[PDB]
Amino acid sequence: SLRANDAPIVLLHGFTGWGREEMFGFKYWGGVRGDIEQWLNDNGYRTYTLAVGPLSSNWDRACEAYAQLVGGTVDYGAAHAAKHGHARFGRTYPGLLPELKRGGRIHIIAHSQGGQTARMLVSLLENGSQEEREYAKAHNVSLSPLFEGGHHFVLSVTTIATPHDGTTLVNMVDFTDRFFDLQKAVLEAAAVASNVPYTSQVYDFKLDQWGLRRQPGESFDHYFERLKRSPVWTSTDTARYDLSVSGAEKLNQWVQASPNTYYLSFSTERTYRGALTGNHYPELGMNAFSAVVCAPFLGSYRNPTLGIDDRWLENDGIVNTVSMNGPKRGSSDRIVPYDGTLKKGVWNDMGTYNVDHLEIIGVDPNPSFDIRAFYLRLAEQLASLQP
């Protein structure tokens, strides 16, 4: 399909994720398969990568993404900061694409919770925050342009394995310990140990607002024990909260689709249905961590109070497949099956792929998944979108 726009692509990770210089160069986008950003750039599709707080709230991450894109000091909003008890200002970025302030636009390709963050960035650009606007007026403090509303620079948002309606994983017994074991498993995939006090940061959680950071002589094991008991794990202003079924619905109540943006969703599944009661089990090849620690629960957990039934059992090892095609719980967004023509202001359900949560970004191997072809095909589709 002929190119219709020249907007660059911007990659955005989920509740794990790090910059290109982090993890000694092992890429979140590509993992053991390679470097996805490089493949796209080498094929004529200008691509950049964002790195935001993996455990931080989608709100915090959207503010971080904004500053990283246009340049400047991250501003979480005076009202938000005061309400949750963290710094109003975060780190300062040079800006990957300052041209966005003069008419330039982008295509955001997001994985996992990155999909929620991308949606929220669009919502904030379009409508800003009334609470922040009122607070700035009443307290005589500055206001970030992000909260003014009336802005637009995202041509499309593509989500891959995103928990738009949350994931029941959060309801597991011992979630807390298993979630950080997942972080350790991803570190191991990148050939990084969790019992070594590395002097270089290696994996920066970017918790400047909370005043948290791995200390000199501190291992990831020790650091994660502290994070478990910190506000980034115990507050409502967290990825943890937004990841839950309840929290995702809350997010859906205000984060809606913009009529000026194309939305694409890719779903993932890596399970088979059993013959006993219809529960779902991990297929051969699923990354070891998910197969042993998460999939069994995801494919068997039901919760009447939450409306979690049979349709929620199929999963990709981390997120329930039904949650991925687009926001539905507490959402007025429209979702339509891809019909050959991508449409604006609605979710274009691109289908379900037989790849697990980590395989889809290359962090876990899967020879049968042509990952390079998948992303190049996507880049071409995005480039074909009419502005």
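All residue numbers refer to positions in the sequence shown, first residue = 1.
A.B. asks: Comparing 333 to 341 with 28 to 36, which has the greater mean CA B-factor as deposited?
C.D. replies: Comparing 333 to 341 with 28 to 36, the higher mean C-alpha B-factor belongs to 333 to 341.
A.B. asks: Comparing average C-alpha B factors as deposited, tell me which of 111 to 119 and 224 to 232 sits higher.
C.D. replies: Stretch with the greater average CA B-factor: 224 to 232.
A.B. asks: Which one of 209, 253, 144, 261 shows the top CA temperature factor in the record?
C.D. replies: Answer, based on the entry's C-alpha B-factors: 253.
A.B. asks: Whose CA atom has the top B-factor in the entry, of 72, 274, 77, 150?
C.D. replies: Among 72, 274, 77, 150, the highest C-alpha B-factor in the entry belongs to 274.
A.B. asks: Tell me, lowest, middle or highest third: where does the Cα B factor of residue 180 rank within its chain?
C.D. replies: For residue 180, whose C-alpha B-factor we compare with every modelled residue in the chain, the answer is the middle third.
A.B. asks: When the deposited Cα B-factors of this chain's modelled residues are ordered and cut into thirds, is residue 65 in the lowest, the middle or the highest one?
C.D. replies: Residue 65: CA B-factor falls in the lowest third of its chain.
A.B. asks: Which third, lowest, middle or highest, does the CA B-factor of residue 199 fall in along this chain?
C.D. replies: Top third by C-alpha B-factor.
A.B. asks: Would the CA B-factor of residue 354 place it in the lowest, middle or highest third of its chain?
C.D. replies: Ranked within chain, residue 354 CA B lands in the middle tercile.
A.B. asks: Just say lowest, middle or highest third for the CA B-factor of residue 322 relative to the other modelled residues in its chain.
C.D. replies: It belongs to the middle third of the chain when residues are ordered by C-alpha B-factor.
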